[PDB]
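Enquirer: Protein chains in written order, with the deposited numbering: chain F, 1401 to 1448; chain C, 2367 to 2414. Ideal placement from N, C-alpha and C gives every residue a C-beta, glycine not left out. Provided herewith is a single structure, encoded as structure tokens, for subsequent inquiry.
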């Protein structure tokens, strides 16, 4: 719900995962990890 | 009636939001904490 960080304090009544400073980080890591797996299986085409 | 009023004041919008951010510990005591009154006597004798 709430989180205190280094210099900043983030509070949401619902969730912090839906807060942008987090949400963007979560979304970026989720996709970056999924592609890495796709790359490990070689499913990534050279001309994409 | 006095103590009831003290309990409602914790239920006010101001102190409600305070509880949402972090647990609120309220002392509703009348200063019985720094009391130097000896309970071995003034309580027992009262009861006796």
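Quick one: what does DSSP say residue 2374(C) is sitting in, helix, strand or coil?
Expert: The answer is helix: DSSP assigns residue 2374(C) an H, G or I state.
Enquirer: Determine, using beta-carbon pairs with one atom in the region 2376-2386 of chain C and one in the region 1438-1445 of chain F, whether at least three such pairs fall under 8 Å.
Expert: Flag = no, the region 2376-2386 of chain C and the region 1438-1445 of chain F do not touch.
Enquirer: Whole angstroms is fine: what's the gap from residue 2414(C)'s alpha carbon to residue 2393(C)'s?
Expert: Rounded to whole angstroms, residue 2414(C) to residue 2393(C) spans 29 Å at the Cα level.
Enquirer: Give me the DSSP bridge partner(s) of residue 1402(F).
Expert: Bridge partners of residue 1402(F): 1411(F).
Enquirer: Check this for me: beta carbons of residue 1409(F) and residue 1419(F), under 7 Å apart or not?
Expert: Contact: no.
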